[PDB]
Amino acid sequence: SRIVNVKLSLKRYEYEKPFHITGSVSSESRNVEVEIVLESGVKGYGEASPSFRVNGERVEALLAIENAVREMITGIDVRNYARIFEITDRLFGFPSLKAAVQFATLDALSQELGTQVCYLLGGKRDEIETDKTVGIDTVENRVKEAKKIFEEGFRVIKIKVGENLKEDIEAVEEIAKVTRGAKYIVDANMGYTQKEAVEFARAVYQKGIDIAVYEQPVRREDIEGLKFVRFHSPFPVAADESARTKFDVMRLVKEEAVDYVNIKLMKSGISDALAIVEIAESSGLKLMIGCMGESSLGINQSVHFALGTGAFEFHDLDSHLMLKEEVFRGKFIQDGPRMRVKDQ
Amino acid sequence: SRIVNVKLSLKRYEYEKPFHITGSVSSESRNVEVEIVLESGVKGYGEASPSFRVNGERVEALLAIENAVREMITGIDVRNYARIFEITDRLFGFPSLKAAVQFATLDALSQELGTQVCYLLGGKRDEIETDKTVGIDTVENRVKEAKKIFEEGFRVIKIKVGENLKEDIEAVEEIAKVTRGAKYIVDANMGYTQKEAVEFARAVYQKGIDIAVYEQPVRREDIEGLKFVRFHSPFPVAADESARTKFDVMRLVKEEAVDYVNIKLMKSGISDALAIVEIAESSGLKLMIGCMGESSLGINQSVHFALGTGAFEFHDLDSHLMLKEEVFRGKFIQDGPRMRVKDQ
Amino acid sequence: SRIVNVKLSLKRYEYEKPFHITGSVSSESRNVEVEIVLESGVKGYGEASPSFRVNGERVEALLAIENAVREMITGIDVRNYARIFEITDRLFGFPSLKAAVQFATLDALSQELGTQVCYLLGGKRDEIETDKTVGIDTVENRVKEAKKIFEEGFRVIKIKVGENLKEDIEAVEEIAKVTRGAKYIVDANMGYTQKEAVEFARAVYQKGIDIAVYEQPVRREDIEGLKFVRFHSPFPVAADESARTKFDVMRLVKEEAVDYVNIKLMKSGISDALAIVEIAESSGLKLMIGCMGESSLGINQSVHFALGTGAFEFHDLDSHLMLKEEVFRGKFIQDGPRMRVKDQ
Amino acid sequence: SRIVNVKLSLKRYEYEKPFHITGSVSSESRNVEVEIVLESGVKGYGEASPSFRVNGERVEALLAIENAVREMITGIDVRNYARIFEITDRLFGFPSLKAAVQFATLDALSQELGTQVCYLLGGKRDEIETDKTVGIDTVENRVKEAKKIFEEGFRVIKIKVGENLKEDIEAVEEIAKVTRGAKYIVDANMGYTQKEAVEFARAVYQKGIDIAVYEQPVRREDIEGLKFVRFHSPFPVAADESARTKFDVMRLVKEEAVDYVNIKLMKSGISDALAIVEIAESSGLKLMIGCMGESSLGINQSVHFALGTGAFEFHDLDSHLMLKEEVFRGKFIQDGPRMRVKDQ
Amino acid sequence: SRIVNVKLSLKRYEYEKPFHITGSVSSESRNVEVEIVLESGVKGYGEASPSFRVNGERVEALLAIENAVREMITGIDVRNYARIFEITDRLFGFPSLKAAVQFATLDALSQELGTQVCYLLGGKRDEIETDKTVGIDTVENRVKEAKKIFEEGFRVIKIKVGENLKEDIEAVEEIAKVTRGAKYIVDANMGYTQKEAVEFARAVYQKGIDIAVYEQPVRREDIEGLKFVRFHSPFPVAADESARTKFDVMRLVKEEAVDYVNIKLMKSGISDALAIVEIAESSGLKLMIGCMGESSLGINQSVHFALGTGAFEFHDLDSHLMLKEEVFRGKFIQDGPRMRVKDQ
Ligand SMILES: [Mn+2]
Ligand SMILES: [Mn+2]
Ligand SMILES: [Mn+2]
Ligand SMILES: [Mn+2]
Ligand SMILES: [Mn+2]
């Protein structure tokens with residue numbers, strides 16, 4: 001049935017503690033929740049968690065375009081969801097809102113069909129497992145946090161690096177010693193030069209440490225640099241900030257620049273994310289899925305995407321786990337590091 | 001709900017006249033119909049129209065593997081269709097059967113969800129239009145046939161060439177004269193050398209004739225030859241036989257070999273065809289969709305695929321129109337050269 | 001001296017008639033004017049003319065981030081303009097505002113230094129000349145409009161094409177006949193396939209018509225397509241939508257994709273535009289400068305940029321001339337199609 | 001205001017001790033000071049420190065063209081500095097004089113505007129820090145000099161190598177032991193083969209020594225050799241002699257040959273140096289700035305360039321620190337290894 | 001025997017009329033004559049005809065370095081000429097002087113050996129033939145000048161173009177009409193864009209005119225542009241300004257940029273010129289030899305080089321023929337457009 005209203009609302013979520021990554025420290029997520037209302041009375045929901053650093057977005061700006069978004073899709077039947085996806089692909093300057101609107105569309109459609117979004121998308125998996133992230137801090141505090149995560153039962157530990165190469169090498173080496181059995185993802189958030197990035201990898205390799213995925217060591221535009229790291233260090237290299245659109249991923253594949261792509265709905269929307277999954281499966285690329293600052297309602301989007309496509313070797317879906325005092329609003333089951341589909 | 005049976009049956013369909021293409025002439029279509037039965041009682045249908053020349057398939061061979069196909073997917077819920085797609089991707093030696101089983105799966109699922117396959121696939125378009133094909137014959141007979149097609153309301157005329165460069169040039173020029181306003185697709189079915197293919201295009205261009213799509217002038221393995229034709233003649237060049245899998249298309253894109261890909265479900269199945277649509281839309285590829293010897297139930301698969309994805313500039317879905325007075329078994333409206341979505 | 005305030009204000013300007021280009025028609029320009037106030041009392045001005053189609057921007061979104069922009073640069077001395085440029089490079093999601101803030105900074109600094117922005121930028125030229133644009137309409141109306149422009153003294157005529165290849169060829173041929181001596185720029189605003197773009201160029205060449213610059217015939221992401229047109233047609237090919245950032249231009253240069261780049265301050269800001277001038281002058285790129293929907297105060301930014309750097313073979317700075325009777329608010333002399341530096 | 005005179009004068013500066021690099025030993029700098037006099041009475045100053053080895057120049061030859069230089073720019077207003085830059089770009093056979101004249105122009109212009117050259121150039125930084133260089137000598141003497149430099153408070157030590165691979169490896173390893181905490185730049189001044197250069201780097205890497213920048217290990221024309229070193233050894237590789245012009249740098253970027261460029265005003269002039277900064281910032285290249293045999297008045301040129309653009313990770317501006325008995329004639333503050341902008 | 005003195009002297013030669021080429025017009029040749037005196041009493045002679053536009057040289061600068069040149073080679077036996085060549089290769093900033101000194105060396109050695117320079121170089125040919133050049137002027141005057149040249153017995157006519165595409169096309173077409181049977185070399189001296197250069201060639205080709213060699217249509221640094229012209233127009237393309245050194249030529253060969261190189265001793269010296277001959281003969285390069293403003297003593301250098309190596313399809317050795325009534329000072333026979341070896 002046809003969309004009759006679209007509502008955007010500011011929702012704020014406080015962190016338990018400041019989240020520090022290369023070039024950014026944040027203590028709060030300010031997101032935009034999207035509600036799509038159909039003539040049937042069905043309501044679908046999405047969440048835009050904007051990124052100034054990655055997408056150039058500001059939450060004030062997303063909220064400002066409510067009327068435009070409404071006018072762009074009101075009157076369209078959610079069964080013609082490809083029309084909605086094409087229209088919302090015009091929101092390339094507001095990719096988090098693109099994502100939220102596209103997901104809300106599928107959330108509404110799946111209800112009208114008596115199913116769930118993961119099933120519309122293929123129903124490949126019934127369960128996925130997330131890592132949890134260690135932010136930047138003193139070496140001692142990074143080690144402490146990594147151990148905590150390991151004690152919580154997380155089997156993959158994501159470690160932020162990028163601001164201090166020497167301390168980064170030390171932190172990862174100390175973490176490895178006290179979390180024997182864990183797999184490690186290292187995310188440099190564009191902090192290193194090509195040569196610094198190679199040296200980080202070599203240093204930890206020399207201690208017999210294996211890094212499962214080494215994310216975006218160099219700047220967004222430095223595709224040749226990503227390739228250099230890939231070809232001169234022993235760990236799989238992922239594009240994150242360099243992989244926002246489906247066109248970005250075609251370029252990465254053509255240049256043989258990466259082993260992995262980290263898909264985020266907040267970069268790509270559902271439309272480009274689906275294209276990227278297909279490109280990757282046609283090209284020997286492996287995939288992980290990540291997040292920005294989504295609450296449980298926002299993480300829901302990626303949970304259904306990951307369950308449905310089953311495309312991901314790794315899942316970095318932990319933003320909702322970093323919140324101070326939250327009421328759970330996902331349409332999935334959180335069970336420790338695992339997420340599962342609802343019977344209903 | 002879960003698959004409880006899978007049935008394969010031989011179905012034969014007679015042509016109105018022998019269909020002559022480069023290196024092949026046939027008077028009959030021998031297809032394998034697939035029925036999937038669910039525990040709910042819902043039945044989904046697909047059709048495999050095999051190709052010995054393109055896929056290396058034989059109809060007897062498809063029939064012989066009924067028990068294997070049944071064992072592979074019985075017990076799986078169609079809501080987990082990605083699992084069925086991944087399993088049936090193992091049928092790469094029987095791609096027409098891969099397509100039929102994958103479509104039958106979606107036919108059944110759409111019924112359980114109270115919708116149509118085109119809608120599962122995005123519901124992008126409500127209407128498409130097909131060309132109709134002029135087979136190889138004497139120049140006089142080719143012209144007669146083209147005039148017949150034009151008087152049946154077709155606005156796009158597909159002209160088979162490839163066995164006689166001089167007569168092919170003459171036939172196309174004479175056809176152009178008696179079908180003013182039509183658009184032309186020329187399909188050489190691998191018959192020309194790269195230089196012959198260039199000279200065919202040049203000869204027709206010099207007469208002021210525009211060819212909308214120039215399909216597969218050279219052999220399947222001759223990607224560099226396809227590229228040569230692309231870069232040295234004025235009309236858009238399509239891969240057909242060179243584009244069977246999603247991997248083939250990634251290679252064509254990397255090599256900049258073609259302007260178009262002709263997707264056929266009988267080459268790719270649903271899984272690879274969806275991948276190819278995504279790759280093309282991420283790479284400035286244009287698309288057409290074609291067929292083998294599908295009857296109306298078989299063409300239904302492509303009609304829903306094309307309506308739902310809306311991915312195609314041109315449609316060459318005319319096999320059922322070349323067959324001799326069948327009872328109509330599609331789930332779409334055939335409106336002269338137009339196909340329209342049902343109500344349902 | 002130091003910035004003490006930054007003010008953003010909505011300013012609307014009516015067109016003389018609807019401006020139709022490939023995929024877009026507008027009757028009004030809604031811009032954001034930027035005022036920077038220094039502790040000295042000096043005020044500098046810029047204008048953001050946003051583009052949804054090219055930059056993904058919306059005017060409401062620009063307005064919404066006034067406080068953020070103010071916080072980002074308040075307290076900084078305009079003599080340290082490189083610091084302001086680096087900070088405002090973070091506004092990559094709001095490139096038109098990036099441009100306006102960067103220019104306002106130089107407008108204020110030049111006043112404190114007792115000079116003009118063109119002189120800060122090198123003072124290369126005292127005079128430039130702009131084309132004027134023929135929008136899409138019926139062939140008869142396009143010809144009427146071109147004749148009007150020719151009788152207004154313009155020596156370079158920019159002709160929009162892209163929606164109808166046959167009518168575009170006819171319009172350009174008819175325009176050429178009634179504007180003998182004019183030079184022509186043809187802007188396809190991404191409307192053609194690579195092969196259609198080649199055939200447009202060939203058709204006009206065969207009539208003995210020379211096109212000075214053939215702008216962006218293909219889509220933004222289709223760099224290989226741009227190169228194809230460049231290598232297979234006789235006129236200089238320009239990137240417009242494909243050249244937004246300095247990084248885009250390095251890629252175009254590496255791929256040998258174009259003969260020209262059309263710099264627009266609304267895509268690049270001052271910072272990337274200066275980089276692009278330097279890259280082009282180091283690579284055998286030629287340059288033109290264009291606009292969006294700037295009023296006279298907005299066009300001033302480009303006039304000073306073009307006068308100072310002297311980098312452009314062609315100038316397409318006509319947006320203010322398409323606007324309905326404004327009070328002139330430039331800091332340059334408008335002398336028919338010519339712009340000249342002030343005394344001051 | 002307009003240039004009314006240009007004067008060239010020979011100035012000789014004796015070194016405290018002979019400076020030995022690969023293929024060259026010198027005990028004195030013979031420079032050409034440039035004075036530009038304006039009609040306002042303002043006087044701007046530059047210095048050409050010619051290089052026979054790098055630029056093919058001889059000081060006698062620079063002095064010989066005084067009248068030509070005068071005639072080329074007399075009567076031009078320094079506010080049109082781009083015109084002066086374009087004219088003096090014709091002095092590509094006398095690049096040190098090109099640099100001196102271009103800087104003298106900005107020195108005069110900045111006085112007329114009531115500011116400083118660093119501010120005309122962006123005012124990005126208020127302070128920079130230089131390394132100091134260890135020349136070639138016996139291993140013992142090289143170690144002694146490196147220790148002295150470290151004791152002087154220099155945090156980056158530049159070590160000349162290139163004439164004796166075995167002794168070079170020994171010297172760098174011994175230096176590292178006695179200067180723990182220092183960063184190292186190694187400059188081979190074209191002395192090594194590709195394979196020798198890789199082996200030098202590997203040998204020192206094996207002792208746990210990090211080289212911040214490894215400059216020009218191979219000959220000027222051996223771009224492929226520079227790339228080979230870059231791709232097969234662990235340290236960032238810089239072009240110096242291979243990077244004289246902006247066109248050279250475009251080639252280096254296209255070939256992915258280097259991690260760094262060492263800009264010297266004496267190679268590039270201000271015009272090409274500014275282009276190189278822009279190219280580098282558009283291409284993932286990092287930068288250092290170096291010198292020839294400039295006195296304090298000559299080093300002033302690079303100090304303002306480096307302060308203003310803030311483009312450099314490393315500064316090798318130490319030629320004026322190697323002089324016997326000199327009267328300071330810079331327009332900056334020297335404060336140990338640091339240089340700072342004047343309040344005035 | 002050993003060099004005991006080296007003398008440089010200014011020699012001026014007046015043209016018959018101003019010689020206009022793209023971006024340069026001159027009425028006089030100011031050359032530096034080199035005399036090398038041996039202990040045996042034998043004297044060898046060379047001539048440097050410098051080029052500011054191509055080499056960046058000034059005659060005053062060449063004169064200024066007499067003492068340096070003398071110190072560099074005095075005391076060396078001319079039988080060890082490779083030592084003198086390697087030393088004078090250091091004069092890369094004064095390439096015309098490099099050439100003059102290297103030739104004077106061979107002039108002296110050949111005398112001591114009782115032979116001629118052409119014989120030292122292989123004695124391949126006894127006779128060569130030169131073109132003569134039509135400078136830029138009005139179309140009427142260019143045609144007049146070409147007719148004059150044709151009536152002086154020249155069979156190859158070199159036509160300068162580059163400043164006015166339309167008039168250049170007209171001039172060449174009119175010249176072709178009045179010089180039936182002549183071969184044509186067209187030298188654009190870097191005046192055209194790649195596309196303008198293509199269109200010049202196409203326009204003349206369409207008139208049935210063949211251009212034997214089309215020299216340097218684009219700028220020195222624009223190697224990719226040279227290649228573009230080569231691949232997109234029907235006449236052989238030559239590098240002139242882009243081929244100064246042996247390293248330049250290796251790059252041109254690797255890039256497949258040209259059909260021809262124009263060797264000039266004033267760009268390359270004897271050493272690089274011999275290298276270029278060997279490279280060309282190993283790569284399917286064809287060669288022509290040109291000049292700057294050499295008098296008869298200067299042209300002698302090129303005549304012996306061309307006679308001895310026999311490497312050139314075309315000779316453009318006409319500078320002495322454009323000079324106003326000189327006493328003949330060559331060591332060859334000038335026989336109309338032909339040059340022949342002496343007896344001795
Ligand atoms: Mn990441
Ligand atoms: Mn076909
Ligand atoms: Mn445009
Ligand atoms: Mn160096
Ligand atoms: Mn020439």
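Every chain is numbered from 1, with letters handed out A, B, ... down the list of sequences.
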Pair [X], [Y]: side-chain N/O donor-acceptor within cut-off below 3.5 Å:
X      : Y      : value
C:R244 : C:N55  : no
C:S27  : C:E14  : no
C:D318 : C:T130 : no

Check this for me: does any side-chain nitrogen of one of [X] and [Y] sit under 4.0 Å from a carboxylate oxygen of the other?
X      : Y      : answer
C:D126 : D:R83  : yes
C:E86  : D:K124 : yes
C:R329 : C:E33  : yes
C:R58  : C:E60  : yes
C:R53  : C:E241 : yes
C:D89  : C:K98  : yes
C:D240 : C:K267 : yes

Less than 4.5 Å apart, side chain to side chain, heavy atoms only: is that true for [X] and [Y]?
X      : Y      : value
A:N31  : A:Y13  : yes
C:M322 : C:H320 : no
C:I333 : C:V341 : no
D:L121 : D:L274 : yes
A:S29  : A:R12  : no
C:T22  : C:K160 : no
C:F19  : C:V25  : no

Which heavy-atom pair separates [X] from [Y] by the least distance, and what is that distance?
X      : Y      : value
C:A61  : C:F94  : O-CE2, 3.8 Å
C:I3   : C:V78  : CG1-CG1, 4.0 Å
C:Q111 : C:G44  : NE2-CA, 4.3 Å
C:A48  : C:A100 : N-CB, 3.6 Å
D:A82  : C:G308 : CB-O, 4.3 Å
C:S302 : C:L317 : CB-CD2, 3.7 Å

Given 3.5 Å as the limit, does a donor-acceptor pair link the side chain of [X] with the main chain of [Y], or not?
X      : Y      : answer
C:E294 : C:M292 : yes
C:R125 : C:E127 : yes
A:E66  : A:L8   : yes
C:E35  : C:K7   : no
C:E129 : C:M339 : no
C:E47  : C:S295 : yes
C:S49  : C:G293 : yes
C:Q301 : C:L265 : no
C:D272 : C:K246 : yes
C:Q216 : C:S242 : yes

Within 6.0 angstrom of C:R338 CZ, more than 12 heavy atoms from elsewhere
yes

Using the salt bridge (charged side-chain N to carboxylate O under 4.0 Å, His left out) definition, which of the options C:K158, C:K264, C:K132 pairs with C:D316?
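Only one of C:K158, C:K264, C:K132 forms a salt bridge (charged side-chain N to carboxylate O under 4.0 Å, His left out) with C:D316, namely C:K158.
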
List the steps, then state whether side-chain contact (heavy atoms from CB on, under 4.5 Å) holds for A:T88 with A:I73.
CA-CA 8 Å; A:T88 56; A:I73 64 174; 4.1 Å; yes

List the steps and the verdict of side chain to side chain donor-acceptor pair (under 3.5 Å) for A:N67 and A:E71.
CA-CA 6 Å; A:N67 183 60; A:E71 295 183 353; 3.1 Å; yes

Take D:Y119 and D:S110, measure what side-chain contact (heavy atoms from CB on, under 4.5 Å) needs, and give me the verdict at the end.
CA-CA 8 Å; D:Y119 296 122; D:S110 59; over 6 Å; no

Given A:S96 and A:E57, is the side chain to side chain donor-acceptor pair (under 3.5 Å) satisfied, shown in steps?
CA-CA 8 Å; A:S96 64; A:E57 297 166 303; 2.7 Å; yes

Who passes ring-ring contact (aromatic ring centres under 6.0 Å, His included) against C:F314, sequence neighbours left out?
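Applying ring-ring contact (aromatic ring centres under 6.0 Å, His included) to C:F314 gives none.
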
Sequence neighbours excluded, which residues qualify as ring-ring contact (aromatic ring centres under 6.0 Å, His included) partners of D:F305?
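ring-ring contact (aromatic ring centres under 6.0 Å, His included) list for D:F305, sorted by chain: empty.
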
Where do A:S268 and A:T245 land on the side-chain contact (heavy atoms from CB on, under 4.5 Å) test, with the steps shown first?
CA-CA 5 Å; A:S268 298; A:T245 70; over 6 Å; no

Any pair counted as ring-ring contact (aromatic ring centres under 6.0 Å, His included), so long as it reaches residues 27-82 of chain C, sequence neighbours left out:
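Only C:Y81-C:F85 qualify under ring-ring contact (aromatic ring centres under 6.0 Å, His included).
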
Given A:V6 and A:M72, is the side-chain contact (heavy atoms from CB on, under 4.5 Å) satisfied, shown in steps?
CA-CA 10 Å; A:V6 184; A:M72 279 162 85; over 6 Å; no

